[PDB]
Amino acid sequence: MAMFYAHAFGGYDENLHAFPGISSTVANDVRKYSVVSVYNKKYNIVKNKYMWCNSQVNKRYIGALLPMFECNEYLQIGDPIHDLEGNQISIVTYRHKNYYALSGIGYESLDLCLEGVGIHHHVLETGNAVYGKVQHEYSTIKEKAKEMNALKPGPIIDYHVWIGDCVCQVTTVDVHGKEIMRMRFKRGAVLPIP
């Protein structure tokens, strides 16, 4: 049937479909599921809140907002995840306390050649603003942006992913921390906790 290999265990295969944490012989759209099963135990998919997950294999970044299900049991990487019809649709990859990512074709995504740049992930505090590589209170960020607005932009060297409860954002910065590009995804999410 369908194969699912875990990047954490060396399973990355550039000729297979790639999603955060998985290389697979199939490309399942996991947005539709509301209930999944792990070892014949059912779990509900969380509504309107997701998990930003990424694997970094070779020099390639594979990041996306994924659905997540709530499970009080401890699950381990590679545990098969099934639909209610007995088909394996994914494998356990990432966790945030009792939330477990369902990896596959999900919501907003970021694919990037990591050659010559870095990438960093942050939990965005509710009410905080972002400029470049930092978050802070709105008025403080307004000043930091003003101190930086004069500079000439150098080349992108770093990506910064900001994961908040209402919005997610991606910024790029030069050597000084000046913001080159900002992108916002209008979805709320959490980051995995290793």
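We number the residues from 1 along the sequence you see.
Q: 146-154 versus 57-65: which one carries the higher mean Cα B factor per the record?
A: Comparing 57-65 with 146-154, the higher average CA B-factor belongs to 146-154.
Q: Which is higher in the entry, the mean Cα B factor of 71-79 or that of 84-92?
A: Looking at the recorded C-alpha B-factors, 84-92 comes out higher on average.
Q: Just say lowest, middle or highest third for the CA B-factor of residue 33 relative to the other modelled residues in its chain.
A: Its C-alpha B-factor, which the entry lists for residue 33, ranks in the highest third among residues of this chain.
Q: For residue 43, does the deposited CA B-factor place it in the lowest, middle or highest third of the chain?
A: CA B-factor rank for residue 43: highest third.
Q: Could you look up the Cα B-factor of residue 8 in the entry and say which third of the chain it sits in: lowest, middle or highest?
A: Middle third by C-alpha B-factor.
Q: Once the chain's modelled residues are ordered by C-alpha B factor and cut into thirds, is residue 166 in the lowest, middle or highest one?
A: It falls in the top third of the chain.
Q: Classify residue 126 as lowest, middle or highest third according to the C-alpha B-factor given in the PDB entry, relative to its own chain.
A: Highest third, going by the recorded CA B-factors of the chain.
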